[PDB]
Structure formats: structure tokens, C-alpha cells
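What follows is a set of notes on a single structure, which appears directly below.
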Amino acid sequence: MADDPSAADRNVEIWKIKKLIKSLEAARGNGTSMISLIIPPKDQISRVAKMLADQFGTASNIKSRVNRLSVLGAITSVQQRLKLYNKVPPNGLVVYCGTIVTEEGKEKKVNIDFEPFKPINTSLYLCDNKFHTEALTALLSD
């Protein structure tokens with residue numbers, strides 16, 4: 001109404017999710033290892049476990065060992081969180097893992113995954129050394 005408790009809870013909620021977004025979009029590197037996909041309430045996580053397992057082959061083709069190995073690490077993380085919950089919630093389960101190089105040129109793997117309160121209506125999968133949570137973006141504007 002004016003100074004209710006729910007109000008504050010809302011601010012912190014948006015502030016948190018907002019932090020993960022600003023970082024993601026601001027997360028860029030050099031080696032193709034930015035695995036980011038969205039699993040809405042409809043796609044069986046299981047189908048992803050195996051689907052990702054095959055993706056590993058793509059790395060084998062990557063001449064650049066640095067990238068090949070890096071790619072494997074990403075798919076590995078997202079694969080972990082997947083089996084972790086081993087469930088398909090209504091809010092969905094999104095994962096974000098990419099390699100960002102700093103000034104010195106040191107890559108940073110951000111292994112983060114969970115089922116937030118951001119239900120999507122379409123699965124997405126794109127990895128090209130840079131990701132961008134469309135769901136969170138579009139959902140934010142509203």
C-alpha cells in the first residue's frame with residue numbers, strides 16, 4: 001500500500017535479478033565458450049542432458065585447443081545444474097556460463113544456474129563467445 005513489507009521484497013528481487021542481467025550482457029571474452037540457454041516450463045530437462053552430451057563433439061572439431069577445452073567446461077556446468085534439480089518447474093531452469101577475459105587477458109568462468117521466478121514461453125540456445133538473456137530483457141520492459 002505505502003510502506004508494506006512486500007514492497008521491499010519486490011525491490012530486492014528486481015535488484016538482484018537486475019545484477020545478474022547487467023553482468024551477463026556485460027560478459028564478453030575471446031574464446032567461444034559462452035553457453036547460455038533457457039528452459040521454459042515445457043521442455044524436459046532430460047532431453048537437454050543428452051542433447052548437451054552430444055554438443056561435446058563440436059569442441060573436438062575446434063582446432064583451437066584453448067577453445068575446445070573451454071567449450072567442454074561450459075557444457076559441463078550447465079549439465080550439472082540440470083541433473084541437480086532433475087525436475088521441470090513452472091518457472092523454468094535457466095543457466096549462464098561464459099568465459100570473460102580481463103585486461104591482463106585472464107578468462108573468468110561464471111558457473112551460475114538455478115530456477116528463478118522468471119517463467120519464459122520459449123526455449124533459447126545460443127553460444128558464440130557472448131550471451132544475452134532475452135527472456136529477462138523482454139520481461140523487464142513489460
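Going by the entry's author numbering, 116 is the number at position 116 of the sequence shown; the sequence numbering is gapless.
Note that beta-carbon positions come from the ideal geometry of N, C-alpha and C, so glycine has one too.
- Just measuring C-alpha positions, the residue of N111, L20, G29 sitting nearest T133 is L20.
- Per DSSP, the continuous beta strand (DSSP E) segment holding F114 begins and ends at 112-114.
- In this structure, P116 sits away from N86, with a CB-CB distance that is not shorter than 8 Å.
- DSSP places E107 inside the beta strand (DSSP E), whose first and last residues are 107-109.
- Using a C-beta cut-off of 8 Å, the segment 54-62 makes no contact with the segment 4-17, since fewer than three inter-stretch Cβ pairs fall below that distance.
- When the Cα atoms are used, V78 and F56 turn out to be separated by approximately 12 Å.
- If you look at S36, you'll find it isn't in any alpha helix (DSSP H); it sits in the beta strand (DSSP E) that goes 35-39.
- DSSP, read as helix, strand or coil, puts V88 in coil.
- Across the set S6, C127, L84, the C-alpha of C127 shows the shortest separation from the C-alpha of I38.
- In the three-state scheme derived from DSSP, where H, G and I count as helix and E and B as strand, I62 is classed as coil.
- When the alpha-carbon of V66 is set against those of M1, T99, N111, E104, the nearest one is in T99.
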